[PDB]
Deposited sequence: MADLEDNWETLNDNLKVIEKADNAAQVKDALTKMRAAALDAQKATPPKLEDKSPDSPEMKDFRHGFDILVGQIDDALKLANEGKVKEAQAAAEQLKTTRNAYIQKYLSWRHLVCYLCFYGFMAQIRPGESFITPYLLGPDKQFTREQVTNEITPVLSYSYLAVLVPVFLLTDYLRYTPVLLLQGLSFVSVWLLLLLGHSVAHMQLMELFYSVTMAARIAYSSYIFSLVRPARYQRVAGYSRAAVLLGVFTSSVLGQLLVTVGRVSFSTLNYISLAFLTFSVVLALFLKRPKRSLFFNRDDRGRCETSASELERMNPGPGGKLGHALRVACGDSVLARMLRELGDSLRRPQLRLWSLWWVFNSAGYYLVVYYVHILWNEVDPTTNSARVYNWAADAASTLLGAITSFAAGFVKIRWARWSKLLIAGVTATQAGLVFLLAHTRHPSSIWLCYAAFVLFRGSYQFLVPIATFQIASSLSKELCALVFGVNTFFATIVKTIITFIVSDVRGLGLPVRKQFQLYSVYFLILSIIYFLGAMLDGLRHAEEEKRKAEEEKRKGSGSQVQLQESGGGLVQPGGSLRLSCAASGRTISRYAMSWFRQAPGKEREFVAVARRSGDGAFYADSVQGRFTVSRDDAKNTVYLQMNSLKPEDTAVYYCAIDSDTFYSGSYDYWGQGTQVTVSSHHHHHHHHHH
């Protein structure tokens, strides 16, 4: 299986992220297809995603490496199929809450594929496979967005037919996941090994990056989404951003930079670049600079997605046991915790309610201080002689 091991896995990663009808879930609900209201979707349906995500991210990471990453990938595929079954056949708001819960389950289980990538290949070329995997996933997301948008805009396709197409694609993704090769008080032993592994320098630094920079990137992405929502150029920017992320993840898969040294400077410079990109993003105004702003966000996802195929790799090379998925899940869970803490701090009305521009200035400052802390840490241990 020289061709059936990593090529097939990246093929499945690409085809499992194809969902032409995913990007139009809201407008499909708000129309002469479900007869929903904006208030119903934005109170009783959308927050169910957040509730379920920061509840189901825990068991998924806790047991995902125990059952060898294949059954939970099949569960993610079946959960996408269940999401689209609820979408095609759902009237009460309870069914849409169930659909949001299942979509949250898939979002939680993405880490399972992220770690199954490392569980398959031999622990030597981890980086070159992480890059390929992230590139395949981002190509899948970009293809899904492009296909859905061109099907609804260039062609004349009703949302029902698009959702049927997406259901067929998800069924094929489940069929593809069926054939994946399954690799070879447990909680106390796992926690002890987790604490033992966190003492390593590279794993510690990159886990901190995943906890903080990923949370910042999620916050920035969601708030650019709401800011642009608050039109064809929106999908154009999102698709271009995903494409640049895929290209940069492939490049990171090809990167040869040493990691014992010349690594903290790398993360510091990448985070500083992200801070500058958000800095430019916040202060765009009525003039055509918005177009230039449209580029900056793309470069934003051209930076964070340049480090995920590296970070995961650098965590896969520092975990002696087969706990490469528990650490990824802990990092994602804590990133979600940090993101929701910040959202409670600023986004909510009961919190420090500020305009979106103020939020983006605050995120620029937060990325800048993260990069400054990383730079200070790099300089503190620079000599050690």
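Coordinate coverage of the deposited sequence is interrupted at 1-107, 292-332, 379-386, 542-690, where no C-alpha atom was modelled.
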